[PDB]
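**Student:** Questions regarding the structure given below will be posed in turn.
What is reported rests on the model, the rules as stated and the sources as named; nothing here is a laboratory result. Here the Cβ positions follow ideal geometry from the backbone for every residue, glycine too, while neighbour counts run over all protein chains shown.
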Amino acid sequence: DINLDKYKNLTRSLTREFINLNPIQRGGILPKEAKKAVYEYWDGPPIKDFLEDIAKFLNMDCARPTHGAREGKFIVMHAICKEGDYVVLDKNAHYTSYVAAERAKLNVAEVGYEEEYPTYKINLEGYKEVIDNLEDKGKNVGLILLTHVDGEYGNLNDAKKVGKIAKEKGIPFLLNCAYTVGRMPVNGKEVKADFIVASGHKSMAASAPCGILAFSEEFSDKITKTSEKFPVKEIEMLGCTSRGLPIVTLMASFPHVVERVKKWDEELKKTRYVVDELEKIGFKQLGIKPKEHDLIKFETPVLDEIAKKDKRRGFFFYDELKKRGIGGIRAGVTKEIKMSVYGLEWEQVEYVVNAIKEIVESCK
Amino acid sequence: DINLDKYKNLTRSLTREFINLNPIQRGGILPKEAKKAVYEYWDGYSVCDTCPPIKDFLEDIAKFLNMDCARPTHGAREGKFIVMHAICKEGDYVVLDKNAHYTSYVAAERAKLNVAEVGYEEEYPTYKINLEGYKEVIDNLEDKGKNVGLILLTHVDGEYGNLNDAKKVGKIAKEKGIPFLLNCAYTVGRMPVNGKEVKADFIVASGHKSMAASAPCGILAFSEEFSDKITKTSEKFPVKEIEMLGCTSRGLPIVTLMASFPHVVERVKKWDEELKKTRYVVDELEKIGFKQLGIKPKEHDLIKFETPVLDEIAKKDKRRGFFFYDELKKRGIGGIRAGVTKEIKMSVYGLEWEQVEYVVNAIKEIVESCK
Amino acid sequence: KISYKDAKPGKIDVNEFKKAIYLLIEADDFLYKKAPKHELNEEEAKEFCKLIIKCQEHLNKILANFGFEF
Amino acid sequence: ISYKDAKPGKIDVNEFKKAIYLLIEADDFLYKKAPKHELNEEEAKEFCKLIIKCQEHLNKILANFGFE
């Protein structure tokens, strides 16, 4: 009644045979230490000390482990805000912010762009305005969210501004550092944030659902609110035992991460190398220039032209990348491509760039 | 300011050097197929929307429980909170058994719900739940009169490991038209379970506890009747499920859960052998002086022994009540709480018969040699 | 006799490698199912040493591409 | 050299774990040198060192079952 053959030859992937350009995976690649830890604990750890240390790493008062930035955002939205409260976020926000807001029965207010094409930079001051427009209508703002780096254009935002605004208005501030914590250094107190969500599998060299929620002492009682029936178990954490593979890989990759954030400018160097070298063949870097993050979005008219006549339609590029052992770009899309070379060896960066150049050169 | 040394030699565990008797870890041990699967997805590129057939796995797992639909979670915890948050209204009552897991109470408290407990049919030493009593608890609540949003039954409790005839509570639930959730954290993946046959509207399952998976990992199966509520999609994103926080469950746990699936569906057919190991352990250890608490005979691999002998020995021993632990560590056996002698809690599920023999004989020798 | 210093530039046979590490993963099972003594009988010893030896054959095939003859 | 000649013995867990760790370290080359996986002289020495150490440990394991 059930075909089990689809789970037998499951042991197959191009992880070792291909170069992965997908931005959502560059920062989540396990170092060998993490792999050894996986071998050790794939069914079976100084967690408290790790929480204190990850608290210091972000310059924050307290910290808890989650199943990603998703979970953390839902946690703060569910423990701090009351049903009906508004969440004011930027227009470049991740879908999980909106969805977590909707699960917490909260409303959403967006902040416009300082400029659209091709920068798509968020008008940070606009936040202030957007708040007042809500408070004049009598609405209550419960949370101010800012995606530190968005997953579309990879733009870095001066979080200290929105921090100042949030501090003035007295509204709690959540900084979405899913694309930040683990890549670049980040000071929670310096940007005046009350909550910080980090994605372990996206930027902290961990696997599985894995994340961190850092928060100030002010809200410590609310976030870590214990249960009535069980005075030891935290309610929002659903049981303060956070065990499994992801937390192990995270703790194991922690020294690798705290060391690689000190060498963020080298990864930036790789990024800008790719951008500068690709804009020669007809690519146009979208988002803020120059790049302050590894996530790059290119507008590529050339690829669309090649896919036009004729080849295998928009799926040509993908195919032409598979021939050269490169993946991570969505198949079929040619109007624009989204890529990142974070953590790639320089020889591999050169290989990728030269590969792309050869692709556009050979396919006319 | 931060010491990184504590994360250097993290690569150290007695997972291979010792026999773990911890019941919460017996059913979660990875088969070699799942280990190879872990290897193939080591880097962490397992985006399941690049990933094993997740949709087909949801259909197949739906069939495996004989349920309408199913969705991946991060454990039975998450599932309980899902159903309590999507189906019940703030202030409603959840009527669960007295042997319920703590995560049920905590999930109820996070969903802003109240809790009503169903009493026992017999306390010591059976600690069996009076299933009919559920009715008596609901009526008493309706005449008071609050409203009951959910009826929860832990299929097997994590304290005594007693199996319960869920069909009764399901029948009461259907008669009263109240949604019925069955907590199968200790059931699904060990023994065969039929969701429709027990008249359950929801079933939660733990991948890391009873489905040979690792990490936070679980399954939430549900009937069509509630599919519109559970899988309710969002406004801004008409494909992203609200309760799921986005139709994506990427990572190692789901990969292992899919890779261990044939092993699981093939090992539930050989459940009686594990029950045989369990009963062997009970019958053999009762000769020492251990008394099996819970329902006799055992219908689950989770055993709780009342151990007066260990107390007696601990009274006249140098290292006091830790001796047992120590005396188990010398012979390569772990999974028992250190400094606990009044009672022990163990499981030999998945162990080779030779290993079961080793455990029993080892314990016998512990009691015999320590007088 | 065989030294790593004598290694010449070559290509890694990915398939052979993953084969070897798979063999090792299968052999890793014995660490579990035979704990804590880890003592094998004749049959178990044969079955285990088969995995180990096959793994060594694969590793030798890998070393072959780097100027190592056998 | 045949597996059929294997005589009963004990699995050295430490040695096995060492071999595994070595193969895991060697697995890095599959990543940092993809997709061509061609090594230069120094890289070849570094990789073959890991592989050879691994086979050494495997031989130490086989020693406990009547081999040499």
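**Student:** Please go through region A:1-39 and pick out each residue that is buried (at least 21 other Cβ atoms within 10 Å of the Cβ) and among the charged types (D, E, K, R).
**Tutor:** Selection gives A:16, A:26, A:33, A:35.
**Student:** When the residues of region A:238-287 are narrowed to those that are buried (at least 18 other Cβ atoms within 10 Å of the Cβ) and aromatic (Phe, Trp, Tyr), which ends up farthest from residue B:24 (Cα to Cα)?
**Tutor:** A:283
**Student:** So in region B:95-128, with the set limited to residues that are assigned to a strand (DSSP E or B) and more than 12 Å from chain A (Cβ to nearest Cβ), which one is farthest from residue B:202 (Cα to Cα)?
**Tutor:** Among them, the one singled out is B:122.
**Student:** To continue, here is another question. Does residue D:22 count as more than 7 Å from every other protein chain (Cβ to nearest Cβ), assigned to a helix (DSSP H, G or I) and closer than 22 Å to residue A:35 by Cβ?
**Tutor:** Yes, satisfied.
**Student:** Select, from B:303, B:295, the only residue that is in contact with a strand residue (DSSP E or B) (Cβ under 9 Å, 6 or more places away or on another chain) and more than 29 Å from residue B:371 (Cβ to Cβ).
**Tutor:** Being in contact with a strand residue (DSSP E or B) (Cβ under 9 Å, 6 or more places away or on another chain) and more than 29 Å from residue B:371 (Cβ to Cβ) holds for just one of B:303, B:295, which is B:295.
**Student:** Take the residues in region A:5-58 that are polar (S, T, N, Q) and either more than 24 Å from the chain's Cα centre (by Cα) or over 30 Å from residue A:155 (Cβ atoms) (or both); name whichever of them is farthest from the other protein chains (Cβ to nearest Cβ).
**Tutor:** Taking the candidates together, the pick is A:9.
**Student:** Can you tell me which residue is farthest from the other protein chains (Cβ to nearest Cβ) among those in region B:59-85 that are surrounded by fewer than 18 Cβ atoms within 10 Å (Cβ to Cβ) and in a helix (DSSP H, G or I)?
**Tutor:** If we take residues in region B:59-85 being surrounded by fewer than 18 Cβ atoms within 10 Å (Cβ to Cβ) and in a helix (DSSP H, G or I), then B:59 is farthest from the other protein chains (Cβ to nearest Cβ).
**Student:** Restricting attention to region A:226-273, which residues are within 12 Å of chain B (Cβ to nearest Cβ), of a type in the set (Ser, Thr, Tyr) and not in a loop (DSSP other than H, G, I, E, B)?
**Tutor:** A:226, A:249, A:253
Residues checked against (1) within 30 Å of residue A:39 (Cβ to Cβ); (2) assigned by CATH to the domain that holds residue A:233; (3) under 20 Å from the mean Cα position of the chain (by Cα):
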site	(1), (2), (3)
A:156	no, yes, yes
A:165	no, yes, no
A:169	no, yes, no
A:172	no, yes, no
A:179	yes, yes, yes
A:183	yes, yes, yes
A:187	no, yes, yes
A:194	no, yes, yes
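**Student:** Of the residues that sit in region C:32-64 and are in contact with a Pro (Cβ under 6 Å, 6 or more places away or on another chain) and assigned to a helix (DSSP H, G or I), which one is surrounded by the fewest Cβ atoms within 10 Å (Cβ to Cβ)?
**Tutor:** Across region C:32-64, the extreme among qualifying residues is C:42.
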